[PDB]
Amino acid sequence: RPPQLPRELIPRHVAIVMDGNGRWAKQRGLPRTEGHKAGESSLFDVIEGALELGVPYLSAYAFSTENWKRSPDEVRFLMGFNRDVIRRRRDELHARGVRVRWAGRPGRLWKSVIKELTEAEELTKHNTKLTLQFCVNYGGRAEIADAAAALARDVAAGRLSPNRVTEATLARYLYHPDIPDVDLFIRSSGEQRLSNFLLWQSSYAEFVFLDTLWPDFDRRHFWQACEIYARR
């Protein structure tokens, strides 16, 4: 049962770093891969939690620009896995009124990962109950640099004056400019850091650090974080 909070104190936009999948599997003598598999159900449970509480925006850090520093085998697994999650869940997401918005760069992602993400976006683009910003091959600095590059192209083409480049001008060139600022930034684990996640958007966000590893995270932990947010 979701907590009874006044509408004013419910976060419009919650961002979740889904960390500790590896560490969780080690503590249980399971392979790292099984932590990520367990993490899938955490995400769909948190999506249900957001739908029930009426949080209109959820951003999930699925795959960082910095995850390319992990082993070849773990990258191969994380690519295949994020693809298979989106394929297996897209019907449910469409049915529950979730609009999937892929944030990140195509970069060195497999074509099959880009295809699934692009199709999930197209399928769900008319949904309005919850916007899921699914961040795959995403970095906050990369997003800002891509915003400055796109702004630079408009300046070169003479669509924009360089003397009117302001914070509102740059904000228009973010991956999803219609998605508002992060109100609440949840770090599942004890790690107290942004890790390059929605950097521009999190400037004024409340940070809530829980000790729950992501595979043990569910709608109750999400509801707790929203309760902490409301009492602030």
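Residues carry their position along the shown sequence, with the first being 1.
Once the C-alpha B-factors are averaged per stretch, 105 to 113 and 135 to 143 rank with 105 to 113 first.
When the mean C-alpha temperature factors of 144 to 152 and 77 to 85 are read from the deposited coordinates, 77 to 85 comes out higher. Out of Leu30, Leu43, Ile179, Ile186, the entry records its largest CA B-factor for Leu30. Ranked by C-alpha B-factor against the other modelled residues of its chain, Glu167 falls in the lowest third. The deposited CA B-factor of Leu93 belongs to the middle third of values across its chain. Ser161 sits in the highest third of its chain by CA B factor, as recorded in the PDB entry. The entry lists a Cα temperature factor for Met18 that places it in the middle third of the chain's modelled residues. Annotation for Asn196: CA B-factor lies in the lowest third of the chain's modelled residues.
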